[PDB]
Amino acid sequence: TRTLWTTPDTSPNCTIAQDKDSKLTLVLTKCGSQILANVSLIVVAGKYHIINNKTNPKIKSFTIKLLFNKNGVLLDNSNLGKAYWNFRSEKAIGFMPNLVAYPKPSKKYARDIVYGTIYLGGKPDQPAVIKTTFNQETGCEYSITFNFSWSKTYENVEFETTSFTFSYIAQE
């Protein structure tokens, strides 16, 4: 009970636009008052599988949400499936984003956001932005939201990313 994670393989665990179209790899490790997080994404099918902004310039972003109840347990309306989220060998308030650092919705402060850049197919001229926001969803006690977005014109690029590390302040 120091790491909460998805399994590290590439089997689909996540639904963005159609069922089980993606594999989110998310590893949360509790280092006392901070959670060390490591994230990457493979889209395996559907709308976001192959990006072509030549033919669809307005398809530029999508969102994966993780919603948690008051005990830190993943809710079923999350994009990530509950069967795929477990401690490495179910309550987990110590992994939740701190509500004083990152308050629930209602102008708020930007420190509840972390930005990073990952790269599609591992190619250094294929950046995409991963925007991570804490506790800004409703209908839950805690949340972590990943928004993936890009501004370059990609032409038939498969959406599979390099890895990004961040941290956040833990609820307890």
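Residues carry their position along the shown sequence, with the first being 1.
For this session: Decide which of the stretches 114-122 and 28-36 has the higher mean C-alpha B-factor, going by the entry.
Result: Stretch with the greater average CA B-factor: 28-36.
Exercise. Which of the two stretches, 50-58 or 143-151, shows the higher mean Cα temperature factor in the record?
Worked result: Per the PDB record, 50-58.
Exercise. What third of its chain, lowest, middle or highest, does the C-alpha temperature factor of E158 fall into?
Worked result: For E158, whose C-alpha B-factor we compare with every modelled residue in the chain, the answer is the middle third.
Exercise. Which third, lowest, middle or highest, does the CA B-factor of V44 fall in along this chain?
Worked result: It falls in the top third of the chain.
Exercise. Taking the entry's C-alpha B-factors for this chain, is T165 in the lowest, middle or highest third?
Worked result: It falls in the bottom third of the chain.
Problem set entry | Third of the chain, ranked by Cα B-factor, where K131 sits | According to the entry, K131 has a C-alpha B-factor in the chain's lowest third.
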